Amino acid sequence: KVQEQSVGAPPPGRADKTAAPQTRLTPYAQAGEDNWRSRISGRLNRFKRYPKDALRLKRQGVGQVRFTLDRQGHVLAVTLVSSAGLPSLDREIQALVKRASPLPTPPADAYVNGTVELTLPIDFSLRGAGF
């Protein structure tokens, strides 16, 4: 509105097709300019971190794993988003990740609405296993 702003100062807010309501303050619910997957990997170490070198020679698997995470990194919900074909692979690799869905950087300002459910591709160096 411009009826209140009779101070010679309009509210600096871009009314955009995309950024109409609140979709101009929300950085995809990341809430942190940090490489979170490496941090998550540390949390996974808390849940026993299987070294990726062992996986690329054993349990390979590239897939997209989306989940809702508790502040201290407690798996709340997990949904398989995309799978590149991990049959015998999925059981072990997800036992590791599916059960150890962690959250190192606390996105308070990301889940004020419910919780943080976001898609993260879990990569194990996949040559072509599960055949």
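So here's what we get for this one:
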{"read-out": "Residue under evaluation residue 97, criteria (1) surrounded by 14 or more Cβ atoms within 10 Å (Cβ to Cβ); (2) of a type outside the set (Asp, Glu); (3) over 13 Å from the mean Cα position of the chain (by Cα); (4) in a helix (DSSP H, G or I), criterion not met", "value": "(3)"}
{"read-out": "Count of region 63-115 residues which are hydroxyl-bearing (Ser, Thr, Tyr), in contact with a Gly (Cβ under 9 Å, 6 or more places away or on another chain) and more than 24 Å from residue 125 (Cβ to Cβ)", "value": "2"}
{"read-out": "Verdict on residue 87 being surrounded by 18 or more Cβ atoms within 10 Å (Cβ to Cβ) and either of a type outside the set (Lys, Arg) or over 13 Å from the mean Cα position of the chain (by Cα) (or both)", "value": "no"}
{"read-out": "Residue list for region 2-45, restricted to those being over 17 Å from residue 110 (Cβ atoms) and in contact (Cβ under 8 Å) with a residue 60 or more places away in the chain", "value": "42"}
{"read-out": "Matching option when the condition is out of contact with any helix residue (DSSP H, G or I) (no Cβ under 6 Å at 6 or more places or on another chain), assigned to a loop (DSSP other than H, G, I, E, B) and either aliphatic (A, V, I, L, M) or buried (at least 16 other Cβ atoms within 10 Å of the Cβ) (or both), among 120, 103", "value": "103"}
{"read-out": "Residue under evaluation residue 91, criteria (1) on the phi < 0 side of the Ramachandran plot; (2) outside any helix (DSSP H, G or I), criterion not met", "value": "(2)"}
{"read-out": "Residue list for region 109-128, restricted to those being aliphatic (A, V, I, L, M) and under 11 Å from the mean Cα position of the chain (by Cα)", "value": "116, 118, 120, 122"}
{"read-out": "Criterion: more than 26 Å from residue 25 (Cβ to Cβ) and in contact (Cβ under 8 Å) with a residue 24 or more places away in the chain - qualifying residue of 54, 100, 95, 110", "value": "100"}
{"read-out": "Single match in 78, 116, 65 (criterion: aliphatic (A, V, I, L, M), free of Cβ contacts under 8 Å to residues at least 24 places away in the same chain and touching a strand residue (DSSP E or B) at 6+ places or on another chain (Cβ under 6 Å))", "value": "78"}
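Residues checked against (1) in a helix (DSSP H, G or I); (2) over 18 Å from the mean Cα position of the chain (by Cα):
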site: 10; (1), (2): no, yes
site: 21; (1), (2): no, yes
site: 31; (1), (2): no, no
site: 39; (1), (2): yes, no
site: 48; (1), (2): no, yes
site: 66; (1), (2): no, no
site: 72; (1), (2): no, no
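Every residue, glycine among them, receives a Cβ derived from its backbone with ideal geometry; neighbour counts consider all protein chains shown. Any read-out appearing in this document is the output of simple, stated calculations on the displayed coordinates, not a laboratory observation.
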